[PDB]
Amino acid sequence: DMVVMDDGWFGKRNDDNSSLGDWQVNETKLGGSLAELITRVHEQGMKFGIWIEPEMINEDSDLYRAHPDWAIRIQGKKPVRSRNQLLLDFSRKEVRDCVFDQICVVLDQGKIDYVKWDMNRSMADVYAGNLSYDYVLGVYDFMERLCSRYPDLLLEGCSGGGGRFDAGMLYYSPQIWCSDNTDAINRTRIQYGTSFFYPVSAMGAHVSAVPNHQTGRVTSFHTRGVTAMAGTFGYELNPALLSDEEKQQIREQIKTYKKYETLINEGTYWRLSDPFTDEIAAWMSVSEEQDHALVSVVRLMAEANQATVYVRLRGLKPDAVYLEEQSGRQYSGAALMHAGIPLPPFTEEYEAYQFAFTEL
Amino acid sequence: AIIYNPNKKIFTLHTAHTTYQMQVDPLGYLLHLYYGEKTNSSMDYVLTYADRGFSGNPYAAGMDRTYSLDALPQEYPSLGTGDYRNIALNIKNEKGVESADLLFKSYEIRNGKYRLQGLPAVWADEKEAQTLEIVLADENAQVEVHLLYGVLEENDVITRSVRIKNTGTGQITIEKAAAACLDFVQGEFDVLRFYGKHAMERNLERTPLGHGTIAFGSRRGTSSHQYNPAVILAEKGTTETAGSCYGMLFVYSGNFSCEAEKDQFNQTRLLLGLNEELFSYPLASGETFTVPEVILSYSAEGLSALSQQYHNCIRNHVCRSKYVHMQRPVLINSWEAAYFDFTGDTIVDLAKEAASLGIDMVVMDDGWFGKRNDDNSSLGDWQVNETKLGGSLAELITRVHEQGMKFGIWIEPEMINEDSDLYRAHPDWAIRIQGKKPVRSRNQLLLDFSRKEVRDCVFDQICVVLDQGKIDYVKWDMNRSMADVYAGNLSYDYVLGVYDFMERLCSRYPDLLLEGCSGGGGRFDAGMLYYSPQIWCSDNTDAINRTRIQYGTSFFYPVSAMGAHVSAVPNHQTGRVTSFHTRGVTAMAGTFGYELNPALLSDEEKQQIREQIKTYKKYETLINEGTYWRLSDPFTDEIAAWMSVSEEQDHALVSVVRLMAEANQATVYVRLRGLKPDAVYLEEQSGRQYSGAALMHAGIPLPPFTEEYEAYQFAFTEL
Amino acid sequence: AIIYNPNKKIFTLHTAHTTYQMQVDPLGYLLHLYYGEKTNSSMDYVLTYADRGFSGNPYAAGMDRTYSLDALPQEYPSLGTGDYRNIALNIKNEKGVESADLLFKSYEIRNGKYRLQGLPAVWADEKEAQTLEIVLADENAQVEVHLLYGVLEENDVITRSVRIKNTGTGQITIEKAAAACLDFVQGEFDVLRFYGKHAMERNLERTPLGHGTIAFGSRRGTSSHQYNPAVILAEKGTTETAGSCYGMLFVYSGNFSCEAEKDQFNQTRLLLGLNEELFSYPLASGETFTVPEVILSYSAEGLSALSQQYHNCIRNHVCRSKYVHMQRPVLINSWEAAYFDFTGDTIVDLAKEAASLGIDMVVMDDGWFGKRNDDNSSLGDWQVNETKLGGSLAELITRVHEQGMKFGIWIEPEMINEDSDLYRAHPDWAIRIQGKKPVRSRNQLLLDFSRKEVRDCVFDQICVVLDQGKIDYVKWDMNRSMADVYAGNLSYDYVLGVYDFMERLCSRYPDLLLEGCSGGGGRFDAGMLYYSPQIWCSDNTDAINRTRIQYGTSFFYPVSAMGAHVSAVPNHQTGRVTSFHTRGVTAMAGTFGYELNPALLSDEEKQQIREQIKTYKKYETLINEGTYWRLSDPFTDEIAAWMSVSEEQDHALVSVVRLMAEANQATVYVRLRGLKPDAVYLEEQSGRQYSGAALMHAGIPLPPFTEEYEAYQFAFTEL
Ligand SMILES: [Mg+2]
Ligand SMILES: [Mg+2]
Ligand SMILES: [Mg+2]
Ligand SMILES: [Mg+2]
C-alpha cells in the first residue's frame, strides 16, 4: 500500500557522516522535487512515507557550521561522537523551532501519510542536572506539535530500532520499530519479550531479505512472513531481486495479514511457549468473543527422527467446538488447551505454521 | 459416565471434571488417547505415526513401518508386542515363553462398582459409579486379560484393576502384573514419592523426571515404611494450588512396584502395581488371578485438590468402619507409658488417671500374653498372662469399666517367636526355606499366613481373648518384613491370608474399631484402610518430626486415618523436648490420644490434657470431615501449617507449629486456603473479623514467639 | 597392587591414584569399605551398626539386632540375605527357591589380567595388571560365585566380572546377575546417563539422585541407541575439572540394566550388569556362567580426567586392532551417496572422483548382494549381484585398485528377510516363537545366532565374498532390535554367537579393519571395540547434531572410535544446511571420511576436500592419540568446542562450532585445557604466542561470525 523513503533523502546525506540538521530535500538525488516524487508514487497507486531524525546534528552540516553551540556539549570539552553525530539541545525552544519549521516545509510538500521518527545515539556530555528531563520535555513538545499539526499522520517511533520502545512514545505513535534486527529467529525472542507489556499492534515488524543483514542467517520466506505478522507487518527489501515464487508469497502474505489484521491487532494475545527454552516460538491471538483464533508457530530446533511436538492453545472456550480452517478438522476448546495439536513433521530448518480456528 | 463409540472403537470415561479416553485400533490394540480436563472431543487425533528407527511393527501391520507399540500409547502394554519400554504385563506360558500380545475381544459397561475376590477395593452404589470391563486376549500365550475401570463421577476418581485367566491346558506363571498404566505422548513432569524408614515415614521427594526411569517399590511382603505405594506425576510447574497432576494409589498392603519413565521420543509412561520380584504366580488351566486395584485421579488445579479427591474417596468409598461417621473414643495407650513393665493394677491406675482427665479408653498394648515380658518370646502364644495381670482379662476389663473407661488391646497375629509354645509345637508354621536358617528381625519370624491351618489356629486364640469382655478397640501390629521367601506365590497368597483373617475378624466383631499398625506406618495403605478407619502413623511421636510425617501422609490419606498421640518428653525416639501445647496441636491432626503415664505430669500439664480433649472433641467433626489444606512445606518453610474447612466453608481450624527460631524475628504470616472470598469470618479467641479474600491473600500475622517450637490454633466462623 | 590383610580380612586394590577396599566380616559376608582417593588406611572404621527398624539380621548374628545386610555396604549383594535394596544376584535353585546368601570361601591374587570365556574383556600383561579372584558360596542354593577384580594401576582402572557355578545336582537358573556394585555409606550424587534414539544417540542426562532408583537398560538384544551401558555417579558439585566421580562401563553388546538408588539411610547403591528381563539362564550341575565385565574408574578431579582414563583403557587395553597405532585410510562410503541405486560402473566412478581428491578407499555399502535393490529382500543371500555390479566382485575390486583405491564392503550377517532364498529354505532359522507371527522391523527378522548351524552358513558365505579380492575394510551392520524371544537363555547365547562369529572373522582376516555398526551407534560399546577400532557413531551426519552425539560419546569412548563422515546438504536426516567447512571440522572429531557423491560438488568444495584430507592426515596422530578435552557443553553453550593435546603437551588442536547467532554479537572466548601453564605456545595461522596459563584462564577470542554455524580450528605448538 505504501513506500517509505528512509534515511538518505536530505542535505547531502549519501552516508551517515553528514547532513543531520539540514532537512532540505536533496533534489539532485531525487531527480526533482519531493512534491513531484510523491505524485509519481501516487500515480503508481501508492501512499508515501518519510524518515526523519530531528533531535540530531552532524558536524558536517550547514546547521552545525552556523550553530555549533546548539549541540549538547560541555564548554571546553570535546564531545563523545556516536554514529559520527551529536544531539541537538532539545531543551532549547530556539533549537526545536528551527528544526520543526524545516520538517513542516518537507511535510507540506505533498500527501505524506506516514513519518518514521528515528533517533540514533545516546545522550552524553550532559552539562547540567536539569538537562535529561528538560530535553525529553522538548522532545514531547515537538512530538505533540507535530501530531496536532498533522492529525492524520501515522507516526512510527524509532530509535535504532527499539531504543525508546516505551509507553511514553506510544501515546504519540501507534507503532514503534521493534528492532533493527529483522532476523526472523531473533525476532521471535525480541517480540516475545516485547509482549510482556506491549501490544502486538505496537510492534513494527518487516519481512527482510536473506542472508539476513544483521546475522548472516538464512530463513525461509514463509517463516519471515509468519514472524513479521506478529506486529505491523510490512516489507524492507527490493522485491525486484526475488523469485516469482517469493513474489507470489508476498501477494498471499498480504492477503493473509489483511484477513487477520483485526484479530492480530485487537485480539487477546497469548504466549504459548518460551523461545529461550522450548522447541518452538508459538503465540496466538483470540477474538474478544473467543470465536476466532490465529495460532503461529516457528520451530527453533532440529534433530533427526523428530519427536512429535504439540502446540497447546490458550484462551478459548472449553466447551465450544472450533473448526481448523485448512484441515477442516473440529476440536473442542478443552482438547485444544489440554492436548493441543500435533505440528506437521518438519522437513527443513526453522519451519513455521499458522493455524486458524473458527467457533462452530 | 462411560460411553462406547462403536465406529471409532473409542471408550470414554467421564467424571464430574475429568475425561479419560481409550481406543481399539484397527489391529486390535487398546491404545490410550487422553486423561485430563473434561472434553467431548474424540482425542484420537493426538496419535501420530512415523518410521522410527528400531521401533518395529506387528506382523499384522504388514509393510507399514510407521506403526509400533514401541512408540504408541497403551492402556496395558506388555512384554511381547515389540514395545521396549517398561511394561505392565509379563506372562510365561506353558512352554516357558515370556510373551503376551493382547488384542481386543469384547467389553461390557455395568452400573455400579466392581468388587475384587479376596481383596479390598473402592466401593460405591449403582447410581454413584459405573464399571467398564474390557476383555483382551493372546491366543498363543493362551491368556485372557480383563481390564476393569471404575468411574466415580462426583469424586473425580477412576479405578483400575485386572483379572488374568489361563485359557490353555498347561500351567502359566504371571511374572509381572501392573494394575494401571498412563501413557503420555507429551509433557514435562516431576515425580512425587513418599520415602522413609522405620520411625520416619513418607518424606516427600519431588524431582524432575529425567530420561530413564524413576522407580521404587517393596519386596518386604508389606507396602512398607520405605516407599509408600503411591505416586504423583505433576506437570512441571504444578503447585499446591495450580497446574495438572495425576495420582496413582495402590489399594494394597503387600509388595509393589512403581515405574515412571521418560522415553526416547520424550513420552512418559507411569506404571503402578505388583512387584515383579518374588512374583512368579502359578495359574492352572481355567483359573483367574486378580491384580489389586489402583485409584487414579487428576487435578487441573494443583496438588491440594488432588489430595482432597483422595481423602474423600478413602473416607466415603474405601473405609467400611462405622467410625468414619461417629465420634471415636479418646484413648491412652500403655506402650510408651509402661512398655512391658506393667501389671493389671498399673493398667487400672492408668484408667483412673485417664478417667480424671476426660480420656475415654485405655489400650493395653504389647506385653499381656504368654510370658511376654520383653520382645524375645511369646508371639503365637495368645493366652492371657494372668500372673502379670493379677487375674483374668475379664476381671481387668470390668475393673477398667468401673473407672468409666473403655478397653482396647494389641495383637500381632502374623508373627511367632522361636521361644513360644506355638513354635515348639509347629516350627514348620514359620515362613522359612528348608535347610536354611532364617533371617530374624526383632528376634521373631513370620507365620505362613498363606496356610489356612496356621491362620485358623491364631484366629481361634484371638477370638477367645476378644470374647472375654467388651473390647471396643484392637490395635493389630506387624513388626518385621518378610524374608526367606520360599516360592513365587507366597508374597501374594500371604497377603490374601492376612485380608481373609482381617475380614473374618471385622465380620465377627462389627462394632470393633480396628487400628492398623506395622511398627507405625509400615502398612499405611488404602488396603488396610478398607478394614481400619485409622492406622498408627509412626512410632515416631516427636511433634516436630510428626509435622513432616503427617504432611507427607496427607498427600493421599485423610487426617482421620492418621493415628497420632501426645507422648512424653524428652521424646523416646529423638531425645528432643517440645512443649505440651505443641504436642497437643500436632496430635490433633489425626486421631488424637495419649501415650504416656499422666501420673508423672504436673498439675498444669494435667489441666492442659483436660483442655486439649475438650478442644479436640469440639473440633472432631471439622478435623475428620473437613476439607484439608497444607499451608506450608515443613521441609523448607519457617512453619508447619495446615487447616481444615467445613463443607459449607463456614468454619475452619488453622494449626501452626513454628520450626525455626532466630533473634529479632521477622513477622511470619500464615496464608489460609479454601474459604469463600467475600464471606466475613470471625476469629474466635481474638474476636477480629476478616474477609476470606484477606485471609487467603495476606493471611494473618502469627504472634511473636518467645520459646522454640511454639504452636497455635486459630478458629474461624463465618458471620 | 593387590594386598590381603589376613587378620582384618581386608583386601585392598591400589591403582596409581585410587584405592578400593573390601572386607570379609566375622559372619563371612564380603563388605565394601571404600573407593576413592589413594590411602594406606584400614577403612573398616567407616562401618557403623544400629538397631534399625525392620532391617533384620542373619540367623548367625544371633541376638545382635544391629547387624543387617539391609544396611551394610556390600561387594555383591543378593536376593536372600534380608537386604531389601536393589541387588546384584538372584539364583532360582533346583527346587524353585529364589535365594542366594553368599559367604566367603577363599581367594587368590594373580599377576596379570583375567580373560573371559567367549567374551571381550580388558587385557594387559603380567606387569601392568593383577587379578583378585574371591570365591563365595551358598550351600543351600548350591551356588559358588567367583568375583573377579582386575587392577590396572597406571590407568586408574578396576575391572569386575563374575563366574557363577552350580555345585548341586539339579539345574538352577540365573535370574539376575550384575557385574559390579558400589555401595556408598554417604554422599549426595548426580547420575549421568546417555540416552537417545536412532539417529540421535547418547544425549547427556544429568540429574540429582533422589530417594528411590534411577534405572535404565536394554532388552533389545543389543546395548542400544536408547541407553548406553555406561553410567557416571558424580558427587554433587562435580564439574569437568573438579570433584569426585565414579564410572561404570559394561564391556558388552547385549542386554543390560543399570540401577542407582538412594536409600532409607541416605546411602547409595550403584549396579551395572545384565538385564534381569528375558534372562533366566539355565545352569546344569557343575556348569559355570560368566557375567560380562564392567570397567570401573574414579577421578578426584572431575569428569574430564575420568573420561581420559576410559579413553586410554579402551585404546590400549580393549581394542585389539592393529589400526589403533596406524594411519587409517580416509574412506568414501556409498550409502548416502547412492543408497541402493548404483552399479559397478558408478562405484568405479566414485573411486575415480575420490582418488582425484586424496581419498584412500571406497566402501560399497548396502545393495550389492542377492537382489538387494531396496531394503525389502535378500538379507541372508550373501551372493554377489553380478548383474548389478556388471561383472564379478573380484573384477570390481581390481578396477577400484586400478584407480589407486582400497576397497571396503558392508555386511549384515545377523539378519534375514522373508524374501530371500535363505528364508525360503530355512524359515526356522529366524528368531521366532512357534505359532506366533513375528515382529518385523525394517521388514526383516533376526537369525538365531545362538545356533552354530545358522552362524556357520552365514560365515561361509561371507568368507567366499571376502576371499574374492583384497578387501581392507568391512562395515558390519545390524538394523533392528531382537523380539519374539523364545527362551530365557536366548539373549545371552545370541550375543555369544555374535562374538564367536566376530572372533572367527577377525582371526581369519587379521589385517581387516572392521567398523562396527548398528543403524549407527546402536551397539556403541566396549564389547564391540574389542573387535573394531571404530564404530559408526550415528546415522545422523548433520554436523550440528553430531556435535551433541560426539560430545556424549566422548564421556567414555575415545575420539578414535567414532566413525564420522562429511555428508551432503541439505542433510538427509534433518533437512538442515551447514557449510562444507563446518561439516569437515565436526567429522575430524573421529575417523573422518566422506559419504556423498563428489561429482555433485563445486570445484571450491572439491578443493576443500583436498585441504581437509591434508589437515586430517597432518593431525591424525594428535586427534587419535592425544588427550581429549570437552571445552563446552553443546546443550547449553554458544559453541561446541573440544581439543586434543599431545602426551608431552607440546601440541594441541582446538575445534569450535558456533551454535547460536544473534545481531551485535558478543565476543565469545574459547578457554583451553590440559596445557602446561608456564609454557609458551605458538598459534599457527596467526603466528601469535600465548602462555598455557593465559590460554586456560582467559582463552582466545573467536573471530566474529558472518554466517550461521561457523567453525574454527586452531593449532598450537610449544616454543
Ligand atoms: Mg516375576
Ligand atoms: Mg523392578
Ligand atoms: Mg530374570
Ligand atoms: Mg529392571
Side-chain angles (χ1 to χ4, degrees), chain B residues 207-215 261-264, chain C residues 35-36 86 156-157 180-182 184 187-197 200-210 212-218 223-250 256-262 268-273 294-311 313-314 521 524-526 547-558 628-637 640 642:
Chain B
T207 70
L209 178 61
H211 285 270
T213 298
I214 292 170
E261 183 185 26
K262 180 181 188 190
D263 82 3
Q264 64 175 321
Chain C
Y35 185 26
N86 298 326
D156 285 311
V157 154
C181 179
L182 280 179
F184 296 91
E188 297 296 299
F189 298 101
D190 294 344
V191 178
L192 292 69
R193 64 279 196 182
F194 299 87
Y195 75 89
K197 60 190 169 182
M200 200 74 195
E201 299 92 328
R202 291 175 298 281
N203 300 292
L204 172 63
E205 183 72 284
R206 180 173 176 171
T207 70
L209 178 61
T213 298
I214 292 170
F216 54 91
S218 173
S223 60
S224 84
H225 303 86
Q226 290 70 27
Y227 297 103
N228 198 256
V231 64
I232 301 164
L233 191 73
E235 187 160 34
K236 179 177 177 165
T238 289
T239 64
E240 287 286 359
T241 55
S244 289
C245 48
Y246 299 83
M248 293 185 176
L249 185 65
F250 203 21
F256 79 98
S257 177
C258 181
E259 298 158 297
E261 183 185 26
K262 180 181 188 190
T268 304
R269 174 168 290 177
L270 181 63
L271 292 159
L272 185 63
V294 162
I295 306 172
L296 299 91
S297 194
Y298 168 75
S299 175
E301 65 196 31
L303 300 164
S304 290
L306 189 67
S307 297
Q308 290 155 11
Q309 289 160 194
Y310 280 100
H311 301 170
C313 186
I314 292 167
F524 202 111
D525 63 71
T547 65
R548 291 180 178 203
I549 298 160
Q550 291 167 189
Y551 170 83
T553 305
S554 79
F555 278 76
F556 287 86
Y557 306 99
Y628 182 79
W629 298 90
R630 294 175 290 275
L631 305 177
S632 74
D633 177 349
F635 292 89
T636 58
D637 296 347
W642 64 92

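Here is the naming used below: chain letters follow the sequence lines, and residue numbers restart at 1 for every chain. Computed over heavy atoms, backbone and side chain alike; hydrogens, waters and symmetry mates excluded.
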Please report the shortest heavy-atom distance between [X] and [Y], naming the atom on each side.
X       : Y       : result
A305(C) : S299(C) : CB-OG, 3.5 Å
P634(C) : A640(C) : CB-CB, 4.2 Å
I549(C) : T553(C) : O-OG1, 2.7 Å
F524(C) : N228(C) : O-ND2, 2.8 Å
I214(C) : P208(C) : CD1-O, 3.7 Å
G210(B) : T207(C) : CA-CG2, 4.3 Å

How long is the straight-line distance from [atom2] of [Y] back to [atom1] of [X], given to the nearest 0.5 Å?
X       : Y       : atom1 : atom2 : value
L270(C) : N86(C)  : CG    : CG    : 10.5 Å
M200(C) : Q226(C) : CE    : CD    : 14.0 Å
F250(C) : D525(C) : CZ    : CG    : 9.5 Å
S307(C) : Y557(C) : OG    : OH    : 11.5 Å
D156(C) : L296(C) : CG    : CG    : 12.5 Å
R548(C) : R202(C) : CZ    : CZ    : 15.0 Å

Side chain to side chain contact (heavy atoms under 4.5 Å, CB included) assessment of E261(B) paired with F216(C): CA-CA 9 Å; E261(B) 183 185 26; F216(C) 54 91; over 6 Å; no
Would a distance-only check, ignoring hydrogens and angles, find a side-chain to backbone donor-acceptor pair under 3.5 Å from [X] to [Y]?
X       : Y       : value
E240(C) : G302(C) : no
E259(C) : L271(C) : no
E205(C) : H211(B) : yes
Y227(C) : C258(C) : no

Using the side chain to side chain contact (heavy atoms under 4.5 Å, CB included) rule, take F556(C) and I295(C) through it: C-alpha gap first, then chi angles, then the decisive distance, then the call. CA-CA 10 Å; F556(C) 287 86; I295(C) 306 172; over 6 Å; no
Qualifying residues under side-chain hydrogen bond (donor to acceptor under 3.5 Å, both in side chains), relative to [X], sequence neighbours excluded:
X       : answer
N203(C) : none
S297(C) : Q309(C)
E235(C) : none

Return the orientation label for the [X] and [Y] ring planes: parallel under 30°, perpendicular over 60°, tilted otherwise.
X       : Y       : value
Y298(C) : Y35(C)  : tilted
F194(C) : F555(C) : tilted
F189(C) : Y246(C) : perpendicular

Under 4.5 Å between any side-chain heavy atoms of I232(C) and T238(C), yes or no?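 When only atoms from C-beta onward are counted, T238(C) and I232(C) do not touch, as no gap falls below 4.5 Å.
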Measure the shortest side-chain to side-chain distance between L303(C) and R206(C) over non-hydrogen atoms and say whether it is less than 4.5 angstrom.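 A side-chain contact under 4.5 Å exists here.
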Kindly determine whether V191(C) and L233(C) satisfy side chain to side chain contact (heavy atoms under 4.5 Å, CB included), including the steps that lead there. CA-CA 5 Å; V191(C) 178; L233(C) 191 73; 4.0 Å; yes
Does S554(C) form a side chain to side chain contact (heavy atoms under 4.5 Å, CB included) with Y628(C)? I'd like the steps, not just the answer. CA-CA 8 Å; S554(C) 79; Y628(C) 182 79; 3.4 Å; yes
Would you say the side-chain atoms of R269(C) and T213(C) include a donor-acceptor pair closer than 3.5 Å? no
